[PDB]
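Same chain, two forms, each on its own as structure tokens: structure 1, then structure 2.
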Structure 1
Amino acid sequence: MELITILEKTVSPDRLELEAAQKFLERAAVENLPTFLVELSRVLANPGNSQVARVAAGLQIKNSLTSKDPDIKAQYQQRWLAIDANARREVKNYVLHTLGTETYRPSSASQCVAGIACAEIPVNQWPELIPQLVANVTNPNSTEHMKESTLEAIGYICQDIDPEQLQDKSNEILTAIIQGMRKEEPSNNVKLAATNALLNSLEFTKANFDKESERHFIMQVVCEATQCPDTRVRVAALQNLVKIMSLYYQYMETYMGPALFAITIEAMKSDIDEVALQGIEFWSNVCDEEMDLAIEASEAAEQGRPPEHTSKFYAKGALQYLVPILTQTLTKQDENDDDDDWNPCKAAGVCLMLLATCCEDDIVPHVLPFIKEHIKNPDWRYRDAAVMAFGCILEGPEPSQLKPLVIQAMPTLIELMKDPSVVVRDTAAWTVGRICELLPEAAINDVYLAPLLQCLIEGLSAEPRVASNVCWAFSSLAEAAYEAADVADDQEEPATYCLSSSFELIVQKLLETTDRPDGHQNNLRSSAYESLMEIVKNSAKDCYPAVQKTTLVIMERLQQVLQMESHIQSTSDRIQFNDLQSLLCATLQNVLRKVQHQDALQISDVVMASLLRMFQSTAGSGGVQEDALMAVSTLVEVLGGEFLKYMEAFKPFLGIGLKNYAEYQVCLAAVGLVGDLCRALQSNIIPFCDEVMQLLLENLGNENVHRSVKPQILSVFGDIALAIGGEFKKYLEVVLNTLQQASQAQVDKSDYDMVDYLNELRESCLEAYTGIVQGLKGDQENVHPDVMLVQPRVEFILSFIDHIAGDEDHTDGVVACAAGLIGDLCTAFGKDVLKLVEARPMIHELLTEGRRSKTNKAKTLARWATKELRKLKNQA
């Protein structure tokens, strides 16, 4: 057939016709990709072809260059780079020449340019791209479509390529973008595109923002764009202001007073939701930036030095004007509430909580008057806003300042629990929950505890919207009650606590709430179960009766599930069924850690089977598997060596969990389970080690696996060594090499997503060495024979730790584990290790740092390691 004719068939609302066409395309690509790519571009580049065929042609190209799977994307990029440079050129010309020739709105060529550029640019393989787009945008004779398309393309490029590689082209790119954003531009569409392209490009414009000439130019075009009549440009320009505020807070003092304040404040007052949200976001963001800076200042203070950056306290200064604006917006609720919708009302509430944690006590005098004037207002919108505002300012101000205001407010709050408006009852429940969480003394009172409990117990029967918050209120009330009781009981758990008198009533009600037919609304069922878990955990000893009765109830429902593959009709049925599965396991995880080691033995067998079958049949949904495995860990923890009885039948499931690797959390649970099995079974886990070790090594040698699994595996290696000791010599060589390779790892000292990941892969290595060292050293007398096997690796371990002392990244977690290693090394090799440590200076300062640190464990271990090294000197 004719390629164009096939492309048009890809839009047929006929399953077979689509399949026929799709398969034709897939095999043309397989046979000769370079030629296929060429012929499609020719189609896309021709205006004479139908809209349909062109768009289809662009789709086939994009899908040949990019993907959602980073692994598949990389594969397609190199596959494309491998193509004859003469072939690629043709496609690049056709694709670039298409810009402006499309009548179709969302440009199909745009995506292709980006798809190709993402591969070429990082290797200067397409030097004609940028100059062309710039030319397209700047040219005073360029059409509207020409401009829009190109801007779209620039936007895709900035959104898809690593900012690290456009950093040198930021110059020309900004020129094209800003030109498109200028006020004098006829088309609002061009403006929209340029402004969205700007948002995507800020990450790599640091160098430009550093030049006041260019900075001012950018800030003016953007502020000017927030004044554009087309609401779409308004909103996008506002978004740019939010991101700029994050990235370049330090340069903002020049523009805050003179313009940003007015612009953002005016936006919050807009009646256009889209706009109001952007203005509210701007300030919530300022609050976040300033709270971080407050942490930086507080931290620098303890290190006896000035912070690298300093806040300008914009929120504190805008406080007077934001609060009246924010509280009035709380008045804009949507009676018909959709709890998945983000509107100005919800945003104002959150902004208020942020300002409160940011400006602490300063906010109270600005918010109380609105709360006082409206707490008794007949209009529910205002009554509700007043309780919300009250609940929003409970965190941040000094408790000593709030307690009294909260005590004097209880009577009205209790009354509000019975307000006729559902909206109002919903908020009042949340507010009670927040008092129980932040200012508990006001709730655990001999005056209000009783009427509060009756209100909360009745609330569990109310509409989902209300009962949900009531569940959470109860969970936090239970915590505060537990704490106030065991403050000083001279032993483990408290004898009693104020919730004892009605502990059974509460648990009975939560269980009822758990089976409400409308439990799917407002995550009611989940909350009811999560609340029950917290109530059981945080219970007094004299509540153990109801806890036993409750545990029997949990097991019963546990089986009702296994035999519930019947009702599962619609797809949503398989999902909500899964949820229940998790809740029950999670609720199990909780009871098991609360039951007498004797009680848990009668339940063990019956449950192990329940967790056994729940895994086999239910292969779909890893969330269940994750809680099922976590439940198993919980059981293993209780039973102990006794668990051995099942290991034989659970082996396959343990493996599966480790093989998965596609659902990192199911695998992280498996690995986590392996480790518990070690602390439980001990040497008795020797027979199952070959399997696990084989599986663990495979997981590591499979770069496709989520990076968050590697450190967990490395960590568990140290535990397995401790569990089997000498029998580990069997894997030593492999593991140390693995540990050796991981320890040399290193990312960019800028990407904090990695800077915190490296300190996770580092701690795991230190914890792996520590385990290995301890495992081979036996248990008592002088350094045992085995550890000598590691003696030759001693040098790097110290080097690794030495380099760690260098990078001022660290983490009191890494410092502590390293300190513990230095120590164990002194106890494993002796005098030797001393000559190697005084060689690497950075280790001395690290131990010094540990001695300081407000992390007791970081101190203890750094103090201990120092003592050990000191003993080697004064030894021989």
Structure 2
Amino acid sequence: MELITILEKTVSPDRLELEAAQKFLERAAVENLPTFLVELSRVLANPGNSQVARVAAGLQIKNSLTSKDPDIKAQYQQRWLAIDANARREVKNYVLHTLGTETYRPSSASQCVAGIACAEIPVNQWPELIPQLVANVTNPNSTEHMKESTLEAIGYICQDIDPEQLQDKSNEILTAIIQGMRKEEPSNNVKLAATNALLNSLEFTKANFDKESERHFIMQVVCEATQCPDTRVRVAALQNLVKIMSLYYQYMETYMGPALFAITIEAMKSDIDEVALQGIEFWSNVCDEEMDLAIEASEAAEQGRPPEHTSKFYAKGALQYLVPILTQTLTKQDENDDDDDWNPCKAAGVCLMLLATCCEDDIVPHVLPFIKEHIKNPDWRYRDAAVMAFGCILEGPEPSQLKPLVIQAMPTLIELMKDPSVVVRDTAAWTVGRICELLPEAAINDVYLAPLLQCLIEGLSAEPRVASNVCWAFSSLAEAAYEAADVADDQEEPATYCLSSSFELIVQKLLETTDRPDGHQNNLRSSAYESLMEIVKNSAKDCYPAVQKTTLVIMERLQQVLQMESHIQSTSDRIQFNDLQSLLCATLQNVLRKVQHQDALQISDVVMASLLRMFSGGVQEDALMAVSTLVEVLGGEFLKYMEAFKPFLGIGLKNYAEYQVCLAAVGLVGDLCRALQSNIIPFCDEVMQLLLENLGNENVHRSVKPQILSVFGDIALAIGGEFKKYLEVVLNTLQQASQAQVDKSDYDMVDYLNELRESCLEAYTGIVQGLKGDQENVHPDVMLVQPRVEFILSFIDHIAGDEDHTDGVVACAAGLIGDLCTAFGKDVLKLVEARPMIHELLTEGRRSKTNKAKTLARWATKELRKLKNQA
């Protein structure tokens, strides 16, 4: 059984054959990885081998070096780095030599080079790589395949490694990339590959953009490629401009007027969609960058010091030119429209919205003309475009200024609701919703509020595309008619708003919309239920009775669906069934929080029985969540079901296979803790057993870990002293977690780290508070964790000295410092002050916009003061 033979078998559509080939390769690798890789690389490097054997060889090598799972990736790289340098050198030489010898267009060797480079560049073990790749591209004698394949490897390296790891070789890397992009280069495939590689290399080229001469060379070559006769190269080059504008905003004053404006404007007017999208994306990005600079401005302003970055207001200056192009682009809709399709029309719409929020009022005079001229055009394309434009600028300009405009347009908008074209009504329904959210006064009035409700109600019967948007509109009108029910002169709950008079006619109609032939587009059903959930939540007092009976309808419906298992067959009739159950559970969660407490006690027996029968996969998660809400409403009175529910809750936790349902369960424990308090002690040994098992189970999804650590805090709070038993295991686990470190290069792993850090902070908070007790007398048990105070403070110190953060982490850390003050007292002051970055975290929190971060950081600062002023 030659290796070439086995590799060719990896392409068989035969489950068994496919599995035989796999076991053999998995055994060879397990048996002797070094030789396995060397052997695979030999196969890949021989152009004499079939295309299939070579590609399969490359895939085996690749899968041995990297993984889409960040954790598995690091382990693979460590395993490779542990291989005899001589063996690795031989694999490296074969892969590198394969460049330019592969038939099949997408190169396999290119991916293997990158997988290895990701393990080695960060430890400086492949110094020969960059120069060889650079040489392959800049050698005038090199073939097209050779240059393309090499640029592909460069592109993959730039895409998969922390830019800071390539920073010291940016000069060389750029020489190769800028070389492949030159106008003189013969092959358009090489220019394409080179231009895609530049896009991935922009983050580590700062030192280069800081040099006037290098910056100018890069800009010239990129702008030059936007004029390449090859469309693919034109588009990629335009994307580089989009990114360059975003990363080097402050360096563009020099280029905007003499080149970028012209290039980006032309691109927008292109009949080639892909080109138009880049030109539009370019200006949408400028708006985003300028909006942020304004925020940065007001920031420093209220903070004293002057901003470090200052806007140039490119959006404002280009406004008079952008608007006419965007409004006309809005005219490029079509009968056959796709919602998840990102075309020039949709993009123009978003860009218009960003321009309005970036330039405010300034946009009205430029757009109003377009709107009046086409609001009545017989051509549905222009009529829709006009309505769309109107809706796109409702956010940004001053309300006071827009009120009269919207007020006067209402007659036309209402009529638009009855327009023959489905597209027009779709947009009309959306604009009505926008008005309710931005300029409510225009709708919630004693002249339009009635005809509006009338058309909205009638809209629920229109096509899904419109009915769905009408649901969102209703959803906002209620949210508006509610946000304008209180205030007055006191701080209490509303009583009876403008919809109360028709609150019921609406719930019944949404309930009917909800009863329409499924499979329907634009998720009508989901939208109606969602709308119902919103109108209920946004109901005043005098709505209670209506909400009461709606609660009964949901239950009955939930029960009628249960015994619907009579025609549950064929993957299509059951998918609507699982989502109906899912939609009703989520709905029950909303009315449950709106009815009185007695209503829950008079219904609890019914729901548990129901929710019980239901616990597919997506339904479980929804059932558990429904139970969480019932647990929050029942409170201690839930203890009654704990015996019958015990085995099921344990089920959700034990699984983990479907981390989603597992997460709802963990979340449920936390709710059980808050509802039962100490009464949960008898069930804790079991729950803690499963939770600890999940943690040490390296097969459990990563997003479950922090949810569990955070629950340790809820349990400690609920059981207090009884938590002593687990302290050793829990604190050891927390120390480990707290020391978790991901590559600050990955945004997804970074957010993960923040979530985890926040969860550790909450566990600590729960432990400290739980041991201290809920009285004006710090309980001795707190002292058990007293020798852990420095670690905690130090852990927060490091968190402080980390540009990542998040108001969430800052909030929890502030809360924890304050807890330590109240638990250990005076001595905590020295420890905090001996760690300067903590002080910075508190100041940072007191500035934050997040009320949680501002409240806790402020409360903590106070507690520390009391230690300063106490015996």
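For the two forms, the rigid core is made up of the largest set of C-alpha atoms that agree within 1.5 Å on superposition. For numbering, take structure 1's sequence and count from 1.
Comparing the two forms between structures 1 and 2 on the rigid core, the single residue of 440, 397, 672, 433 with a CA shift of 2 Å or greater is 672.
Relative to the superposed core, residue 765 undergoes a C-alpha shift of no less than 2 Å between structures 1 and 2. After superposition on the rigid core, the Cα of residue 105 moves by less than 2 Å between structures 1 and 2. Core-superposed comparison between structures 1 and 2: CA of residue 155 displaced by less than 2 Å. After superposition on the rigid core, the Cα atom of residue 570 is displaced by 5.4 Å between structures 1 and 2. Core superposition places the Cα of residue 516 1.8 Å apart between structures 1 and 2.
When the core is overlaid, the C-alpha of residue 862 ends up 8.0 Å from its other position between structures 1 and 2.
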